[PDB]
């Protein structure tokens, strides 16, 4: 890669897919499908969520390190990154 | 069943509503930490649902072992479920 | 497998290995080795810890389900299992 | 450095002592939940150490970017570190 900001619309998309996938898990439960099948689908949803989170974080990181090079305020930018990682982890 | 199933459906509807909430936040260009705080809550909610489903599975396995034995088989089912839950 | 209880001594062993592995991470830090190398070693220690935890849990689960078949007290045994999972997760 | 390195060494010595504590508990046949409560604390401590090491790495990368640029390269180092940290 050379890093590209994920478009707002690209993120909204990924989130719509995650919504549809949760609605799918709900259908599975109503049909009394086996517990391991349901858990497999829940795991996939959680994986999808993590990848969205990770994309949002990458773009944030990019702004922080870019703003540091541009403007030189390393302390502020570190502290911004660390907040975002706190809430991500 | 009718009792417990509906509770899970409900939780899953709430999670769905919460993901819509995260979508709205993104469209409104709200700060990253606020969006991630909401994503963390969704992830927490998903974990608790996963945990409830595992509890019911484990309940069936142990209940069936008490009733009908085949303890080795049931134990091995429990361990396989834990393999995929972690 | 047919399930076998991990011996007390087998567990003490695995824990001694984890101790030695943490002491190894400490040496790496004193020698100012690169951060990704150090984190790779920390991950391995965490993995080793998880596998120990998992073994202790498997043996507990085995006692709970065995005691349920033997004695029939499903409620007590479920609640024992769930406590152990609470502190494991 | 001499300052920060020693703090990490210390944390790692405490983690080592804590794993000995878990070993003693097992030899004394203490209940499973008590042993797992102590293992959870060790795992927590290990996570915090991992997090401190990542913070220092990230600090070097951003600091070097402000001083000397090559922002794309540094960003890619940060993302690679996060790949392995999760």
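Letters A, B, C and D mark the chains in the order given here, with residues in each chain numbered from 1 onward.
In this text, contacts are C-beta pairs under 8 Å (C-beta built on N, C-alpha and C of every residue); 3 or more make two chains touch, one makes a residue touch a chain.
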Subunit B-subunit C separation of Cα centroids, rounded to whole Å: 23
Centroid distance [mean C-alpha coordinates] between subunit C and subunit A, Å: 30
Multi-chain contact residues (two or more partners), subunit C: 50, 57
Category of the chain touch graph - line, ring, star, complete, other: ring
All touching chain pairs, where touch follows the definition stated at the start: A-B, A-D, B-C, C-D
Interface residues, subunit C side, partner subunit D - complex: 8, 11-12, 15-16, 18-19, 22-23, 25-26, 29-30, 32, 35-36, 38-40, 42-43, 45-46, 49-50, 52-53, 56-57, 59-60, 83-84, 87-88
List of subunit A residues in touch with subunit D within their complex: 1-3, 50, 54, 57-58, 61-62, 64-66, 68-69, 72, 74, 77-78, 81-82, 89
